[PDB]
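A.B. asks: Below is the structure I would like to discuss, written out as structure tokens.
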Amino acid sequence: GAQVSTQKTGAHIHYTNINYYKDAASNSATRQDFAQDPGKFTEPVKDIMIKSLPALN
Amino acid sequence: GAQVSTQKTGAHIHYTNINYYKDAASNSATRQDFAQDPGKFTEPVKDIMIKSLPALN
Amino acid sequence: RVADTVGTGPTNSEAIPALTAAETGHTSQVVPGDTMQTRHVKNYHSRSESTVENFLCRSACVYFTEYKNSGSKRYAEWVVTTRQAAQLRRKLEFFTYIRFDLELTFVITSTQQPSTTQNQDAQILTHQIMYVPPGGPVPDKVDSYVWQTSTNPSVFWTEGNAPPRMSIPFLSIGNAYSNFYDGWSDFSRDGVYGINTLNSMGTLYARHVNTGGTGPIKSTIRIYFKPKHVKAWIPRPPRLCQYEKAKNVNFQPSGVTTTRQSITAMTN
Amino acid sequence: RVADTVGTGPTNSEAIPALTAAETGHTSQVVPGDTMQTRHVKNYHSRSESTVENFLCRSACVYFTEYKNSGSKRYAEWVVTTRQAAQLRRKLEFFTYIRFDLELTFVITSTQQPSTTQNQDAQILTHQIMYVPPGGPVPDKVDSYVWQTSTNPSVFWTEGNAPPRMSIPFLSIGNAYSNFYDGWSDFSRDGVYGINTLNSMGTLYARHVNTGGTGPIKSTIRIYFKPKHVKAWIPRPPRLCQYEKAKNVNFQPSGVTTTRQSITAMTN
Amino acid sequence: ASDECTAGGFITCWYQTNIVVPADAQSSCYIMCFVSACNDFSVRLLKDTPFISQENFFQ
Amino acid sequence: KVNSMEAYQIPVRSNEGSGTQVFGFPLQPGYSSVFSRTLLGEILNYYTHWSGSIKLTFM
Amino acid sequence: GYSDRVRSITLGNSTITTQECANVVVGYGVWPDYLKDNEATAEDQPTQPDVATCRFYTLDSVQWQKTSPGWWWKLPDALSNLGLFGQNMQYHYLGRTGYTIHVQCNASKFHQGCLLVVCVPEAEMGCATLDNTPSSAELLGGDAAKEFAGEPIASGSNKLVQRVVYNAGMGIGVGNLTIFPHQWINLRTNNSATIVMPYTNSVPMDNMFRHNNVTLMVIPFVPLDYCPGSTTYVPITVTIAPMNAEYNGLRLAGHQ
Amino acid sequence: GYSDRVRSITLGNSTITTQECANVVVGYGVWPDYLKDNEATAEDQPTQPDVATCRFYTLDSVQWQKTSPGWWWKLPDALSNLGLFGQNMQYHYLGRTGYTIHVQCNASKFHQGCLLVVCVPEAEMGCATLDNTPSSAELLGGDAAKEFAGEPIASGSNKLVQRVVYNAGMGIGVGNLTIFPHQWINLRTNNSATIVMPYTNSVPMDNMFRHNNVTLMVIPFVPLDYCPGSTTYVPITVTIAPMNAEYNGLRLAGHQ
Ligand SMILES: CCCCCCCCCCCCCCCC(=O)O
Ligand SMILES: CCCCCCCCCCCCCCCC(=O)O
């Protein structure tokens with residue numbers, strides 16, 4: 001059961017990976033996980049604030 | 001995802017290549033890129049000149 | 001992929017993007033275009049090296065110890081702790097809670113030690129590393145039954161080839177590893193206080209399997225840690241201080257920053 | 001594939017292929033057939049070794065340095081520069097702008113150094129190479145914290161097997177590497193002038209991980225560079241001069257060519 | 001790391017107008033400054049940090 | 001001032017003439033002493049290259 | 001119409017009403033909630049005292065002086081002897097709860113001062129002596145505020161928390177406390193600060209007496225200062241309300 | 001919601017933000033605009049420096065005293081040596097441009113004063129001596145404010161502008177300056193005044209150095225006055241931004 005994935009390349013090409021162990025802890029790291037969400041740390045406050053309105057009214 | 005390409009042979013035969021890395025910078029060199037265009041360096045001038053016409057008229 | 005700026009044109013308006021309140025604690029989020037006229041620029045830049053996994057997916061040497069083929073100190077024992085190396089400790093400290101698989105590489109180098117004995121002949125040394133879980137009997141001498149390792153994971157290495165490598169599953173009684181614990185070992189609150197209270201990862205023992213030659217040989221074993229499959233939560237500020245012990249966060253007091261000659265001056 | 005000549009027959013005509021103007025600067029492009037009668041010949045010749053990638057896809061030794069297991073000079077440091085080797089420098093100079101991935105092979109050879117000490121025993125030496133980005137702390141001594149390499153790429157090699165090999169992604173602040181820069185480091189224009197201004201590729205450090213024997217050992221590390229995925233623009237004439245420094249293009253003045261006895265003579 | 005080739009810029013503050021206060025209000029006040037990465041901000045070539053160093057392994 | 005909480009505070013006062021300069025600091029976050037120890041600066045000390053806009057907030 | 005500044009919070013039989021407030025902050029964007037069955041390690045049914053435990057509790061006020069380094073409270077210790085909530089934890093081996101924090105300071109328009117109200121998970125204070133861990137009495141104050149010291153603790157060979165303000169006791173820069181959820185009280189713009197905290201911990205439930213989850217800290221970045229004849233005493237009051245409090249492991253009272 | 005008083009104007013790389021302002025005034029209800037082809041006398045293409053010329057420029061501030069007759073600026077002269085805009089006019093024979101005027105004064109609630117900010121097309125000042133026209137140095141101040149005099153210029157036989165405040169130098173009543181576009185700054189009600197001017201002139205384009213189109217004048221109808229111990233220095237700052245500036249007649253630099 002071979003898996004085909006994209007490679008890390010520049011902008012302005014696939015690598016085959018096969019698991020040979022069943023421990024699942026013997027796999028490679030998940031380097032390609034480019035997801036971010038600053039909503040927790042920034043804009044923590046309950047009532048939402050618009051970009052251009054008086055902050056306190 | 002194996003890729004099959006032609007080999008370098010004489011005139012007057014395929015090699016299999018598989019990428020085992022995702023960095024994409026770990027791939028082999030692109031030796032077989034036989035494209036040339038002297039138009040930049042030779043015949044630089046704007047107005048095109050025919051092979052057998054007086055050069056200046 | 002990084003967000004790309006939007007082109008803007010001059011306007012006079014009731015709306016006030018630049019004006020905001022610090023007191024709310026909602027960080028202001030204003031683009032360059034709101035403050036000044038800008039031009040449409042596309043960005044191909046990628047936030048692909050800031051990922052927590054990329055930042056923490058590199059081998060670092062947590063600790064090294066020395067043992068002798070002859071003399072009183074036959075074998076070396078090290079308790080398994082992340083804190084004793086500053087670089088590994090500082091990056092782990094960046095998150096309060098971390099969950100991660102561990103990759104271990106051991107590098108062993110043997111140096112001949114000068115001696116009065118002569119015409120020494122040296123057969124290739126073989127080195128045994130054995131890891132004991134809490135409550136496993138400790139070896140008391142190098143020739144002990146504990147060295148059989150029937151119930152204990154163990155690796156044998158012959159000098160002159162690739163360093164031995166193993167993968168470790170996430171081991172914790174807890175759902176996540178705790179970089180900082182604000183707690184006492186007992187209910188009374190009289191006793192040791194600190195992260196050392198949640199510290200029970202076991203101990204590692206290294207010995208010469210065999211002695212090649214009469215002369216004394218000293219072997220150094222270096223242990224390397226590489227986080228894998230990393231998961232983080234509750235981020236913490238940068239430590240900003242030199243470390244003092246691996247059992248506590250006690251610190252000599254430190255100035256906030258290096259000092260420039262004057263508020264106006266651009267020179268550090 | 002090379003262009004193949006077309007057969008031609010005698011003719012008298014107004015048209016003048018051989019006649020042309022040098023002043024326009026458009027290189028004349030006339031086949032042999034226009035100047036003389038020719039025969040139809042097919043060419044199987046291929047322009048497949050003139051490609052820039054084939055020309056620059058071969059390992060060359062940019063530089064080598066020596067470090068000692070004992071004595072004051074424990075480790076060797078080399079700043080990473082293409083210019084210090086003439087053959088590598090000359091071919092790179094052929095294009096003003098070049099973009100290319102870098103392949104690095106390190107070959108390490110250790111030679112025993114004669115000494116007064118006797119009955120030496122030598123365990124296999126292990127060698128560590130560590131690359132530091134600009135502003136990474138430099139090691140001041142061989143036993144420094146800098147040698148942990150938690151944030152720094154590093155390779156460990158055991159003597160007696162294939163040389164260590166790594167691939168490097170195209171590293172530049174700029175879109176392309178600049179072989180020549182006509183510029184000053186500062187706005188004033190008083191200061192160092194040259195390509196050295198755009199030179200910030202970091203530094204490489206090599207040390208003995210361990211000492212096998214009491215006697216002195218000297219190790220030479222040789223660094224080899226192989227361009228990959230090459231892309232070139234703005235081609236430059238052949239250098240035509242012996243080099244003098246790696247920081248400037250300063251040259252002793254050179255005659256145009258070797259001299260024959262007379263314009264008529266066919267002997268060099 | 002500071003580079004001769006690339007100089008980031010100079011940031012400075014000036015009084016557009018004199019500060020004005022009523023009698024019984026303090027003439028002198030204070031201003032705090034907060035610094036952050038924008039949405040377009042990015043980084044590369046991760047390296048060991050200069051500030052953290054150990055003479056010996058800690059105990 | 002670094003030893004006290006006065007490091008963060010920037011002094012301002014009513015003055016006879018308008019146009020006096022409140023303060024001046026280097027633009028780069030990583031090398032400058034003023035931004036080296038901040039959240040963004042500390043993360044930057046870890047990485048060799050940096051890109052994009054910086055937001056400065058004054059209360 | 002309505003005002004963003006005006007607010008009214010009602011928990012149990014206690015209601016809080018401030019004419020002026022900065023927008024309320026939820027620290028990680030998560031409301032406190034009761035534990036899931038899927039995530040629950042303990043088999044025994046939990047006991048939920050509901051409104052009894054979940055009410056505002058007012059602590060002893062402190063005096064803001066022109067030279068006060070700082071004031072800090074260990075929150076679990078703060079409510080350890082207050083009402084049914086103090087009684088339930090003493091009775092039960094395991095407790096998990098959300099916490100509502102409300103810090104109120106009142107001053108005249110002429111007054112000028114800025115206080116930083118930050119709640120920090122797992123803050124570990126470090127002892128002034130390197131070879132000794134900090135004492136429990138120094139670490140936690142029951143019924144009384146514990147105060148930061150502007151100067152570093154002097155050289156000593158005894159248990160003693162290191163209280164220097166810039167390190168904040170954690171040996172970390174005071175300015176970077178922004179990453180922890182926080183709310184700024186500026187006398188010209190804000191009357192009081194409200195922070196709501198989701199329960200945070202690696203384990204789903206933990207014994208409250210042995211372990212403290214979060215620590216409320218107040219530090220003045222800008223000193224209080226006023227012209228002569230103005231009120232010279234300023235009072236800061238901390239009110240804390242438990243949220244969705246639940247208890248397990250019914251046991252005989254007291255800790256040892 | 002929004003406030004009528006709050007405003008934010010962004011021109012080029014300069015942004016102006018005032019918490020309190022009187023409604024902005026367009027003097028004849030006409031926005032400044034580039035010249036029409038139908039109306040254009042000159043055949044040669046014009047050069048439009050765009051954002052370079054069109055940015056706010058800040059002038060030297062003045063001190064409002066309890067007895068200041070008045071301050072007045074010739075606007076074309078004011079920006080004659082400032083940035084690219086000063087350079088373009090020196091290079092070019094003909095220039096036509098719109099002008100944005102922003103006058104900012106800050107005072108404590110206790111302070112009381114009223115300033116009249118009026119822009120007047122073709123103001124011609126009259127010399128104190130009847131037989132002599134006014135001198136250029138007296139008529140226009142470059143990089144510096146020119147000040148009205150409460151008393152009439154004394155008897156003289158020399159060039160000298162007549163500066164008496166009631167005549168305003170035009171020999172016309174000060175009160176009737178209302179017909180010219182204007183905005184009142186009252187310390188209790190207004191922080192600053194914004195006036196936007198359409199280009200005004202008989203000819204479509206005119207040489208800037210020889211001829212000045214409009215003159216900004218500030219006069220206090222009500223004197224500044226305050227109780228003792230209040231800030232005794234008040235600063236008035238004039239910021240001017242060119243609008244839709246265009247240039248023609250590329251010529252060697254300087255005027256003669
Ligand atoms: C068989 C030889 C190797 C034995 C390895 C034993 C398992 C070691 C696991 C260490 C994990 C450290 C996690 C971070 C620090 C901590 O939470 O204690
Ligand atoms: C981990 C050990 C290897 C470290 C390699 C570091 C990267 C070296 C890159 C050198 C590129 C040279 C490019 C041509 C010359 C120049 O433009 O400066």
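Identifiers for the structure tokens are assigned positionally: chains receive A, B, ... in sequence, residues are indexed from 1 per chain, and ligands are indexed from 1 in the order shown.
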Can you pull out every residue with an atom within 8 Å of ligand 1? Use only C-alpha atoms and all ligand atoms and format it as number ranges by chain.

C.D. replies: C: 80-83, 100, 102, 104, 129-133, 152-155, 166, 168, 170-172, 177-179, 198-204

A.B. asks: Using only C-alpha atoms, find the residues of chain E whose closest atom to chain C is at most 6 Å away, then write them as a ChimeraX atom specification.

C.D. replies: /E:40,57-59

A.B. asks: I need the residues from that last selection saved to file as a JSON list (two decimals), in the first residue's frame (with N, CA and C atoms), if you can.

C.D. replies:
```json
[["chain", "number", "residue", "atom", "x", "y", "z"],
["E", 40, "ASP", "N", 1.57, 39.73, 7.18],
["E", 40, "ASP", "CA", 2.58, 39.48, 6.11],
["E", 40, "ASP", "C", 3.95, 38.96, 6.67],
["E", 57, "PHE", "N", 26.62, 20.92, 32.55],
["E", 57, "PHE", "CA", 25.26, 20.37, 32.63],
["E", 57, "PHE", "C", 24.70, 20.71, 34.01],
["E", 58, "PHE", "N", 23.42, 21.08, 34.09],
["E", 58, "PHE", "CA", 22.82, 21.52, 35.37],
["E", 58, "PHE", "C", 22.45, 20.32, 36.23],
["E", 59, "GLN", "N", 22.38, 20.49, 37.56],
["E", 59, "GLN", "CA", 21.93, 19.39, 38.46],
["E", 59, "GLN", "C", 20.83, 19.92, 39.39]]
```

A.B. asks: I need the chain H residues near chain F as a PDB file with C-alpha atoms, in the first residue's frame; criterion: at most 12 Å, counting only C-alpha atoms.

C.D. replies:
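So the final result, stored in result_24.pdb, reads:
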```pdb
ATOM      1  CA  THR H  58       3.867  70.297   8.524  1.00  0.00           C
ATOM      2  CA  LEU H  59       4.889  73.995   8.975  1.00  0.00           C
ATOM      3  CA  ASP H  60       6.644  75.728  11.953  1.00  0.00           C
ATOM      4  CA  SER H  61       4.250  76.124  14.959  1.00  0.00           C
ATOM      5  CA  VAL H  62       3.384  79.530  16.560  1.00  0.00           C
ATOM      6  CA  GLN H  63       2.697  80.541  20.206  1.00  0.00           C
ATOM      7  CA  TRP H  64      -0.851  81.795  21.011  1.00  0.00           C
ATOM      8  CA  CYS H 105      -4.743  73.776  18.572  1.00  0.00           C
ATOM      9  CA  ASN H 106      -4.862  71.801  21.929  1.00  0.00           C
ATOM     10  CA  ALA H 107      -6.002  73.330  25.312  1.00  0.00           C
ATOM     11  CA  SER H 230      -2.438  76.317  33.905  1.00  0.00           C
ATOM     12  CA  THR H 231      -0.082  75.585  30.950  1.00  0.00           C
ATOM     13  CA  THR H 232       0.909  79.165  29.843  1.00  0.00           C
ATOM     14  CA  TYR H 233       2.171  78.123  26.345  1.00  0.00           C
ATOM     15  CA  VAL H 234      -0.394  77.112  23.647  1.00  0.00           C
ATOM     16  CA  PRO H 235       0.874  75.796  20.235  1.00  0.00           C
ATOM     17  CA  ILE H 236      -0.996  76.252  16.881  1.00  0.00           C
ATOM     18  CA  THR H 237       0.271  73.970  14.030  1.00  0.00           C
TER      19      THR H 237
END
```

A.B. asks: I'd like the neighbourhood of segment 5-10 of chain F as number ranges by chain, where a residue qualifies if any of its atoms comes within 8 Å (using only C-alpha atoms), though same-chain residues fewer than 5 positions away should be ignored.

C.D. replies: C: 256; E: 30-33; F: 22-23; G: 165-166, 175, 221-222

A.B. asks: Given the selection you just returned, output its residues as a file containing N, CA, C and O atoms, formatted as a PDB file, in the first residue's frame.

C.D. replies:
```pdb
ATOM      1  N   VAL C 256      16.477  43.619  32.678  1.00  0.00           N
ATOM      2  CA  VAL C 256      15.496  43.321  31.628  1.00  0.00           C
ATOM      3  C   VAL C 256      16.187  43.169  30.274  1.00  0.00           C
ATOM      4  O   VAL C 256      15.892  42.224  29.536  1.00  0.00           O
TER       5      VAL C 256
ATOM      6  N   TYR E  30       3.332  59.421  31.033  1.00  0.00           N
ATOM      7  CA  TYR E  30       4.179  58.329  30.487  1.00  0.00           C
ATOM      8  C   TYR E  30       3.461  57.663  29.309  1.00  0.00           C
ATOM      9  O   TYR E  30       2.215  57.681  29.273  1.00  0.00           O
ATOM     10  N   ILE E  31       4.226  57.051  28.396  1.00  0.00           N
ATOM     11  CA  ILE E  31       3.637  56.372  27.200  1.00  0.00           C
ATOM     12  C   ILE E  31       4.263  54.980  27.027  1.00  0.00           C
ATOM     13  O   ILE E  31       5.489  54.908  26.823  1.00  0.00           O
ATOM     14  N   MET E  32       3.486  53.896  27.099  1.00  0.00           N
ATOM     15  CA  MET E  32       4.034  52.539  26.879  1.00  0.00           C
ATOM     16  C   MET E  32       4.008  52.161  25.393  1.00  0.00           C
ATOM     17  O   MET E  32       3.123  52.616  24.686  1.00  0.00           O
ATOM     18  N   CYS E  33       4.956  51.335  24.928  1.00  0.00           N
ATOM     19  CA  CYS E  33       5.051  50.919  23.508  1.00  0.00           C
ATOM     20  C   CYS E  33       4.909  49.390  23.392  1.00  0.00           C
ATOM     21  O   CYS E  33       5.507  48.691  24.193  1.00  0.00           O
TER      22      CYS E  33
ATOM     23  N   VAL F  22      10.553  62.921  21.431  1.00  0.00           N
ATOM     24  CA  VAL F  22      10.262  62.014  22.568  1.00  0.00           C
ATOM     25  C   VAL F  22      11.243  60.827  22.667  1.00  0.00           C
ATOM     26  O   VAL F  22      11.709  60.489  23.765  1.00  0.00           O
ATOM     27  N   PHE F  23      11.587  60.213  21.528  1.00  0.00           N
ATOM     28  CA  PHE F  23      12.468  59.017  21.524  1.00  0.00           C
ATOM     29  C   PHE F  23      12.900  58.613  20.112  1.00  0.00           C
ATOM     30  O   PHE F  23      12.308  59.082  19.151  1.00  0.00           O
TER      31      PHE F  23
ATOM     32  N   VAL G 165      10.388  42.189  41.013  1.00  0.00           N
ATOM     33  CA  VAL G 165       9.240  42.452  40.096  1.00  0.00           C
ATOM     34  C   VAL G 165       9.470  42.148  38.597  1.00  0.00           C
ATOM     35  O   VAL G 165       8.576  41.610  37.928  1.00  0.00           O
ATOM     36  N   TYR G 166      10.641  42.492  38.051  1.00  0.00           N
ATOM     37  CA  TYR G 166      10.862  42.299  36.596  1.00  0.00           C
ATOM     38  C   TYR G 166      10.803  40.805  36.241  1.00  0.00           C
ATOM     39  O   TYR G 166      10.258  40.430  35.200  1.00  0.00           O
ATOM     40  N   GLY G 175       7.451  42.109  30.730  1.00  0.00           N
ATOM     41  CA  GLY G 175       6.770  42.598  29.520  1.00  0.00           C
ATOM     42  C   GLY G 175       6.130  41.486  28.683  1.00  0.00           C
ATOM     43  O   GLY G 175       5.082  41.704  28.061  1.00  0.00           O
ATOM     44  N   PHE G 221       2.753  48.893  35.902  1.00  0.00           N
ATOM     45  CA  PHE G 221       3.820  49.329  34.974  1.00  0.00           C
ATOM     46  C   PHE G 221       4.074  50.829  35.182  1.00  0.00           C
ATOM     47  O   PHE G 221       5.228  51.269  35.163  1.00  0.00           O
ATOM     48  N   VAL G 222       3.001  51.613  35.369  1.00  0.00           N
ATOM     49  CA  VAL G 222       3.113  53.071  35.582  1.00  0.00           C
ATOM     50  C   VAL G 222       2.734  53.392  37.040  1.00  0.00           C
ATOM     51  O   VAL G 222       1.643  53.020  37.475  1.00  0.00           O
TER      52      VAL G 222
END
```

A.B. asks: Using only C-alpha atoms, which protein or nucleic acid residues come within 7 Å of segment 34-36 of chain B? Drop anything in the same chain fewer than 2 positions from it, and give the result as a list in words.

C.D. replies: residues 32 and 38 of chain B; 48 and 51 of chain D

A.B. asks: Could the residues in this selection be written to a file with N, CA and C atoms, as an mmCIF file, in the first residue's frame?

C.D. replies:
```cif
data_model
loop_
_atom_site.group_PDB
_atom_site.id
_atom_site.type_symbol
_atom_site.label_atom_id
_atom_site.label_comp_id
_atom_site.auth_asym_id
_atom_site.auth_seq_id
_atom_site.Cartn_x
_atom_site.Cartn_y
_atom_site.Cartn_z
ATOM 1 N N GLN B 32 19.325 16.001 -19.081
ATOM 2 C CA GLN B 32 18.654 15.966 -20.394
ATOM 3 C C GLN B 32 17.727 17.174 -20.580
ATOM 4 N N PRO B 38 19.896 31.100 -29.833
ATOM 5 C CA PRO B 38 20.918 32.166 -29.876
ATOM 6 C C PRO B 38 20.310 33.545 -30.177
ATOM 7 N N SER D 48 24.671 17.989 -26.544
ATOM 8 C CA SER D 48 24.180 17.473 -25.244
ATOM 9 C C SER D 48 25.237 17.537 -24.134
ATOM 10 N N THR D 51 25.412 21.829 -22.536
ATOM 11 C CA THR D 51 24.342 22.366 -21.690
ATOM 12 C C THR D 51 25.000 22.882 -20.417
#
```

A.B. asks: What are the residues of chain C that have an atom within 7 Å of an atom of chain D, counting only C-alpha atoms, as an MDAnalysis selection string?

C.D. replies: chainID C and resid 58:61 87:88 109:112 114 118:119 160:161

A.B. asks: Could you list the residues in chain F lying within 7 Å of chain E, using only C-alpha atoms, and format the result as a PyMOL selection string?

C.D. replies: chain F and resi 8-15+18-28+30-31+40+45-59

A.B. asks: Using only C-alpha atoms and a cut-off of 8 Å, which residues of chain G sit close to chain E? Please list them as a JSON list (two decimals) with N, CA, C and O atoms, in the first residue's frame.

C.D. replies:
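Below is the file result-v1.json, written as the result:
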```json
[["chain", "number", "residue", "atom", "x", "y", "z"],
["G", 110, "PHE", "N", -8.23, 63.30, 37.87],
["G", 110, "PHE", "CA", -6.85, 63.82, 38.03],
["G", 110, "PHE", "C", -5.83, 62.68, 38.30],
["G", 110, "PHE", "O", -4.68, 62.79, 37.89],
["G", 222, "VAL", "N", 3.00, 51.61, 35.37],
["G", 222, "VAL", "CA", 3.11, 53.07, 35.58],
["G", 222, "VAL", "C", 2.73, 53.39, 37.04],
["G", 222, "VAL", "O", 1.64, 53.02, 37.48],
["G", 226, "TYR", "N", -0.45, 61.63, 42.02],
["G", 226, "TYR", "CA", -1.52, 62.65, 42.09],
["G", 226, "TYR", "C", -1.06, 64.00, 42.66],
["G", 226, "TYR", "O", -0.09, 64.05, 43.42],
["G", 227, "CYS", "N", -1.75, 65.10, 42.31],
["G", 227, "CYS", "CA", -1.44, 66.44, 42.88],
["G", 227, "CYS", "C", -1.90, 66.51, 44.35],
["G", 227, "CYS", "O", -2.80, 65.76, 44.74],
["G", 228, "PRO", "N", -1.30, 67.41, 45.17],
["G", 228, "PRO", "CA", -1.63, 67.42, 46.61],
["G", 228, "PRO", "C", -3.09, 67.76, 46.97],
["G", 228, "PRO", "O", -3.69, 68.59, 46.27]]
```

A.B. asks: With DSSP run on the backbone, what are the strand (DSSP E or B) residues within segment 112-228 of chain D? I'd like them as a PDB file with C-alpha atoms, in the first residue's frame.

C.D. replies:
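The resulting file, out-v7.pdb, is shown below:
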```pdb
ATOM      1  CA  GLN D 112      49.817   9.711  12.372  1.00  0.00           C
ATOM      2  CA  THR D 126      34.989   9.939  15.113  1.00  0.00           C
ATOM      3  CA  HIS D 127      34.855  13.418  13.410  1.00  0.00           C
ATOM      4  CA  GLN D 128      32.097  16.085  13.900  1.00  0.00           C
ATOM      5  CA  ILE D 129      31.375  18.845  11.308  1.00  0.00           C
ATOM      6  CA  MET D 130      28.999  21.704  12.395  1.00  0.00           C
ATOM      7  CA  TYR D 131      27.682  24.599  10.212  1.00  0.00           C
ATOM      8  CA  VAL D 132      26.746  27.921  11.917  1.00  0.00           C
ATOM      9  CA  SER D 154      25.655  18.802  12.014  1.00  0.00           C
ATOM     10  CA  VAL D 155      27.124  15.444  10.759  1.00  0.00           C
ATOM     11  CA  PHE D 156      29.099  12.733  12.702  1.00  0.00           C
ATOM     12  CA  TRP D 157      31.458  10.436  10.661  1.00  0.00           C
ATOM     13  CA  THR D 158      33.286   7.216  11.793  1.00  0.00           C
ATOM     14  CA  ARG D 165      26.943  13.623   1.785  1.00  0.00           C
ATOM     15  CA  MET D 166      24.231  16.430   2.042  1.00  0.00           C
ATOM     16  CA  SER D 167      21.965  18.425  -0.410  1.00  0.00           C
ATOM     17  CA  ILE D 168      21.557  22.243   0.024  1.00  0.00           C
ATOM     18  CA  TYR D 177      23.579  34.628  -6.716  1.00  0.00           C
ATOM     19  CA  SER D 178      25.635  37.605  -8.047  1.00  0.00           C
ATOM     20  CA  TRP D 184      29.696  49.755  -1.822  1.00  0.00           C
ATOM     21  CA  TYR D 193      34.048  47.844  -2.404  1.00  0.00           C
ATOM     22  CA  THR D 203      31.036  29.389   8.693  1.00  0.00           C
ATOM     23  CA  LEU D 204      31.936  25.601   8.986  1.00  0.00           C
ATOM     24  CA  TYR D 205      33.696  24.008  12.085  1.00  0.00           C
ATOM     25  CA  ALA D 206      35.463  20.526  12.217  1.00  0.00           C
ATOM     26  CA  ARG D 207      36.713  18.728  15.441  1.00  0.00           C
ATOM     27  CA  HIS D 208      37.848  15.271  16.669  1.00  0.00           C
ATOM     28  CA  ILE D 217      47.161  12.870  14.983  1.00  0.00           C
ATOM     29  CA  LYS D 218      46.570  15.508  12.218  1.00  0.00           C
ATOM     30  CA  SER D 219      43.301  15.286  10.182  1.00  0.00           C
ATOM     31  CA  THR D 220      42.706  17.029   6.811  1.00  0.00           C
ATOM     32  CA  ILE D 221      39.070  17.731   5.755  1.00  0.00           C
ATOM     33  CA  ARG D 222      38.469  18.466   2.023  1.00  0.00           C
ATOM     34  CA  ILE D 223      35.223  20.210   0.935  1.00  0.00           C
ATOM     35  CA  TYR D 224      33.743  19.418  -2.564  1.00  0.00           C
ATOM     36  CA  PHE D 225      31.085  21.563  -4.411  1.00  0.00           C
ATOM     37  CA  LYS D 226      28.699  20.220  -7.172  1.00  0.00           C
ATOM     38  CA  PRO D 227      26.097  22.608  -8.705  1.00  0.00           C
ATOM     39  CA  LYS D 228      22.585  21.013  -9.311  1.00  0.00           C
TER      40      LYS D 228
END
```
